[PDB]
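Enquirer: how does the following fold in three dimensions:
(chains A, B and C)
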Amino acid sequence: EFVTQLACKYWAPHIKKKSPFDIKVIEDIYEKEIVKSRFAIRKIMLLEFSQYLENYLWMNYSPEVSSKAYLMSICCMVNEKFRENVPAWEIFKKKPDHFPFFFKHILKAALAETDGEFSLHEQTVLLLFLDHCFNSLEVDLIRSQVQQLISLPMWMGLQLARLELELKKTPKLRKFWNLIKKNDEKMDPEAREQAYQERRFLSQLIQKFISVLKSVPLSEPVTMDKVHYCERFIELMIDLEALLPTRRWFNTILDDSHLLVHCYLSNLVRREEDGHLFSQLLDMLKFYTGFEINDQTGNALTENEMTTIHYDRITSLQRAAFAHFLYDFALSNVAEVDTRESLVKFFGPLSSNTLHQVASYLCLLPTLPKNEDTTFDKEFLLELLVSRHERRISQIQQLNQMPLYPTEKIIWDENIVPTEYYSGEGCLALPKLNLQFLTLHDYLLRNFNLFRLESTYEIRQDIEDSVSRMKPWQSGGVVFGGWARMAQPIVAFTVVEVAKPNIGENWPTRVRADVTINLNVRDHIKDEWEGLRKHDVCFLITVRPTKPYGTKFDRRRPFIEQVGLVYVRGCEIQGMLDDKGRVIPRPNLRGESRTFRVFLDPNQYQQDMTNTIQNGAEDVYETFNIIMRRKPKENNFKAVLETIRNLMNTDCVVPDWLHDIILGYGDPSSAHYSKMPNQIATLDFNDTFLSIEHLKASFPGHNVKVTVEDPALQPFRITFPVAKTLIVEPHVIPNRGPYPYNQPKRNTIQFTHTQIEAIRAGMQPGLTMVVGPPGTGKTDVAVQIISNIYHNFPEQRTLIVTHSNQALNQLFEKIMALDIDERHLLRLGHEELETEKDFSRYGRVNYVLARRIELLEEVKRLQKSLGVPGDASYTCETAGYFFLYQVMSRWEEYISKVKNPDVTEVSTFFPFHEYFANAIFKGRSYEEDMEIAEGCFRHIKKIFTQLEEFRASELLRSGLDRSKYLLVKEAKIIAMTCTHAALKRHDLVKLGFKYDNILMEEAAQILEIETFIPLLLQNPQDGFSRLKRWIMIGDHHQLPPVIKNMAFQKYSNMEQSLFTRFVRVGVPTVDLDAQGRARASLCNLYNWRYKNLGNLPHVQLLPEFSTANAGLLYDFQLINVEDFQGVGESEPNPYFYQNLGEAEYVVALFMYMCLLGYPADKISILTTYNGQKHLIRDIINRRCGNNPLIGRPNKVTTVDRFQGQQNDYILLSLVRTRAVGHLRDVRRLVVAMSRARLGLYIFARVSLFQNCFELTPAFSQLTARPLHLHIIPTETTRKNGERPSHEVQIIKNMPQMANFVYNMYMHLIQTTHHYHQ
Amino acid sequence: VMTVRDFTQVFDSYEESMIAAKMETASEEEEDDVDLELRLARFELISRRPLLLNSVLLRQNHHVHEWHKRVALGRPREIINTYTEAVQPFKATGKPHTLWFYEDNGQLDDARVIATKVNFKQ
Amino acid sequence: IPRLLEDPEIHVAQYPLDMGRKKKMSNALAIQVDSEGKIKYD
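Expert: Numbering: from 1, shown residues only, chains lettered A, B, ... in the order given. Below is the structure in question.
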């Protein structure tokens, strides 16, 4: 009540007049609310949500009023905005004037003496804030401050000898160094002092860290504030090191400080519990300090370059050894001396003083003055020299030794596998997705690990649930008191194969095992377990139960102690055995015992064996007593990890014009078609334009010149310059024969000039990105691009990748209405057929088979029409012979006569009159009849072209081989989901799958790595990628890829699509700007979010969009819903949010509409929480029930599950009364505002959402109308704007509505009677 | 397999041919290991050390130091030839020259052959 | 804990060496040793 009253008085939104700025408010809030509550998250949230930063803190900030409390408060707010994933920097961008002063004083505060003016926690907050800054260099205001901290001049923080070493190593650097020193002369004394302080900041910050770290005791109690400071510091180090602009010069600085050696010898890492997170962060930092990249060129280092670097280090150490100390070491070959073991052997016996001296000769430490003792520990000195010179394994070898399954040592580690309870207050040992990556390996590995660790979370839930249900009890044996659908007791387990390693690798190439279960279960469960197939992943589990028989289990309690969890290992089904011992017209097995042969992870196997042999650890693989299966659709993690690893191993040949953009650096526009060197001058736009008028209107800024003046002669070809002039050439589609129905289908969509820009771009080489707001015609743009590419570049193959099968259904539906032969279409998938034709491998093989029959019959008819005898039927083979021998000959003779010249001789010598009798010449002009004859030959030739393509079905009997032919050769358009593409990449590459162009839909719904993988479904061609075009269509202003555990979004931004990253990076986009599915009035609720999003003509002009909704005054309303029986939002189960007042009101409105005669199916009900969804459903069944007058809404579901869907009328419940929740994500808002064609009615606590700054552009519109539902119960042909010719009653709350609907219904039950049975 | 042999000859005519040859050796012989070592002498280093580790595990017997010598292209490979000698003659000296009498080396070879021991002494 | 003959508190059926748990009605007439000595084959 204190913070809120202050907000109301001084800064809260929607309060006309506020008290003037008062510095004491900032001082009081910081000391008494923030500091005293120990930086309580709920306090900080309340302040942030109340718009403290935007409305009080920053706009009143100046140098004269700046204080500790002021600085800290700003940083707390910024940090909290990051924790909540809302824009953090907007107010600074609005008033940038005092930010440089503010930033400099954040630096001073961060370096302030430990435990001095600023507490260690306060300086941790500053560490995190600065981390956000370094992670935000895309913001000009921030970058302009950070530049001086991380540029070449920062090297004045280096030891003088190390600086000179670097300048000698890269001689071209010295002139730039000199230039800096010169420009420094031109500075006034204070600007010079400020510059030097900024240049030294990071190196000085490192020293502060090192002293904090050293203050941590080995075993004595330690304050958590020291631990967390050290953790956040390493997080900062990682991010600086993992970004090239911050790494470029700082990497040397970090090395010069020897921080990493300090950290690995520290007491903190030695604390098994306290320092565990610190250790894991440390391992990440080590990965980056030794990362395989050239700091200056930014290029990845080759294996040769790595080896040279390592060899040069040893060489210079031997030079120093020979001249000044280690004689035998200096003369030995590198391989002799460069192992950790050898280095310890050679330098371990030496004194501290000698090691210090050695290090000094390598410019690692200052000279040890004569007769002085070193102040450094011998273990530091030794580890310094050893770690610097020892052999390193490469990043690839490191990756190739990783098991693909999580063990029990990983699954419950919440540092790397956080629960959904993760607040965001501590940090995690996780990769982060933002804008840039160092190299392709960095990029691929971050996605590998994030996918790996996120999938591990779902595994834990699967394990904890199924194993708990089994109720493992002590009997020293185990007895299971319960049963589980997804997990069975193991009856037997035996490793049956341990194969020899490939040359080089130290792990078996293959490990297999037999696992037996006893299906003493319900037949439904027996069937599901027998439903296991090859590549299905199962988990092998060892429990040694802790509880006596009958002991109750508590899911709230630590799972591992509850069931006695000892081991978890993964495996992959090879197949079930049959009674002949064969790995599986599937047989009917007898009895209830089933054995599966499985693959074990060979790396995990070797590690376990090594552990057993070396350390006497028990053999894990003799202990398994539970096997757990999973839902197939949620269980692709292993296959995806494998594919990513394979991609990493390969040379990853992506187009050279894509590589830099993919990594997020370099010119974001360099793949635009206008900058591609192979830009095509002349394009056939075919049926894109409906008329010459449509064409001219499609290029507003251009001058159109037609190659033909006659308006009656005006498909179109367009030539683009290399200057605002377009040359348009009309041309004639080649006659396809004497059957006018064989004229091609044509596009009917009058594309806007913006849609045309997208289509134009998609036809050109390079990267085309299309931002398509709700209903702006993404699909029509897509198929037109596909069609244009199909006709312009017949040889080229197009790969289509979407997120959902729904999008594929939509694409193929529209493709069918265009001039595209269905023999060139193919759809891959692992499904309910929703299109008029079947484009699966099965459907396409069947089409070919049926079409082959019909065409061979045409050849027979042709044979007979020519008077050629022969009763045998044709094959594709003999049809080919027939074409060359009987058809081509006749045609060539004919052309020889009439094309080498009367109208009459065109018809008189035409060799195929009888064949086309069922269908010729007009006798008007030669040119016309000749072309008619030409078209007849094209008709016949097409028959034989198809038969030649179909010969493969005569050479390949099985449907699988036949489908392979379509995939590798016949199809020109191949479509699949990104999911399928990830699973099938290995098979596709092995098949020799090839493609030239990629088009994607739903691009902003697709995970980063699942966007990248479709780039590599083929092998390189002559050393280069065959990929010519990349078209991505999506909407980053709508919902992102789904991350099951939102902790991975909060910390790592794992939901961020490649599409979204590219938009952020600055890749130019084509922004579709005219929607065609909803009222203009409804469009206003979300078009504010987009660039110039208006409406198409038919939305503006058709009556169906201006007709009001019967019985409701407004076509949309926001309806305030106060408490019902003292309750607002409720939570019958944790996080199962509901709102009875809102639910009842929504259902009552739905009933009202049904009783008015609304088509119940045209109404869908949406809400932001699953808890409310089930409750609305509950009320639907319990209030409507067996009511004849009331139907069911098409759907009752969540907004997140209604993406890409719509209905005429949407009833929306926002549920929340205490906190705004995940609707604060504007993308969720936009989706919620755009599901309705004609009617949107929203029920919420209006005050709560009004206060949310991010939601203001929508809710300021919604509150422009009454918050009490306006009904017209005696009502349609009433128009949207006209005053109604009925009574308007105002329902002021839910109970009044539920009353009204009851009375209305009881009046309708007496006056009517309908009859369904 | 004859087509694989002719294709192996095509690889012998030659990077892709080197891939076909290395695959031909890794397909899973000591003479063939000498051939793959010759491929290391031609094509292309740590991976060669790994395949050399495979050849070493396959047979710990005296040309292996020469296989290690390709990695030197040498003092380190000679050191591997020396450690291999400890694991078991002139090859270590050749490794020393790489870091940089044949008749006595030959009587030594007679010693290297798998009263006889007295001859080994002489 | 043992669950085998090899190895009151147990609250288990345990039969430690060979006390029969199922009906046999075996013919054999018990072999006997007297005091210190002998299997009484007489």
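Enquirer: wait, what's in contact with residue A:112?
Expert: Residues near residue A:112 by CB atoms under 8 Å, 6 or more residues apart in numbering or on different chains: A:118, A:123. The C-beta positions use only the backbone N, C-alpha and C, and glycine is treated the same way.
Enquirer: specify the local secondary structure of residue A:542.
Expert: Three-state call for residue A:542 (DSSP: H, G, I helix; E, B strand; the rest coil): strand.
Enquirer: now it: closest residue in space that isn't a chain neighbour?
Expert: Taking CB to CB, 6 or more residues apart in numbering or on different chains, and ignoring the residues beside it in sequence, residue A:542 has residue A:567 as its nearest neighbour in space, at 3.9 Å.
Enquirer: tally of neighbours for that neighbour?
Expert: Other residues within reach of residue A:567, judged by other CB atoms under 10 Å in any protein chain shown, total 20.
Enquirer: then the one 3 residues further on?
Expert: Residue A:570 is flanked by 21 other residues according to other CB under 10 Å.
Enquirer: got the phi and psi for residue A:748?
Expert: Residue A:748 adopts backbone torsions of phi -110, psi -10, taken as degrees, to the nearest 10.
Enquirer: what about residue 29, which SS state?
Expert: Using chain A. Applying three-state DSSP: residue A:29 is helix.
Enquirer: can you look at chain C instead?
Expert: Taking three-state DSSP as the rule, one finds residue C:29 in the coil state.
Enquirer: ok, now how distant is it from residue A:140?
Expert: 107 Å (CB to CB, to the nearest Å).
Enquirer: before we move on, what about residue A:503?
Expert: Taken as CB to CB, the span from residue A:503 to residue A:140 is 54 Å.
Enquirer: go on, residue A:819?
Expert: In terms of CB to CB, residue A:819 sits 49 Å off from residue A:140.
Enquirer: and the two? which has more neighbours close in?
Expert: With neighbours defined as other CB under 10 Å, residue A:819 and residue A:140 compare such that residue A:819 has more, 16 against 10.
Enquirer: the more buried one: what's its closest spatial neighbour, skipping adjacent residues?
Expert: residue A:744 (3.7 Å).
Enquirer: re the thing from before, so the residue nearest to residue A:542 sits right up against residue A:544, yeah?
Expert: No - judged on CB atoms under 8 Å, residue A:567 makes no contact with residue A:544 at a distance of 9.5 Å.
Enquirer: need the contact list for the residue in chain B that chain C sits nearest to.
Expert: Here chain B gets closest to chain C at one residue, residue B:57, 45.0 Å apart by CB to the nearest CB. Residue B:57 makes contact with no residue under the criterion CB under 8 Å, 6+ apart.
Enquirer: what's the helix or strand for it?
Expert: Assessed by DSSP states H and E, residue B:57 sits inside helix B:48-58.
Enquirer: what sits up against the next helix or strand after that helix?
Expert: Proceeding N to C from helix B:48-58, the next assigned helix or strand is helix B:64-69, under DSSP H and E. Contact with helix B:64-69 is made by B:33, B:37, B:40, B:49, B:52, B:55-56, B:76-78, B:80-82, B:84-85, B:91-92, B:94-95, B:98, as judged by CB under 8 Å, 6+ apart.
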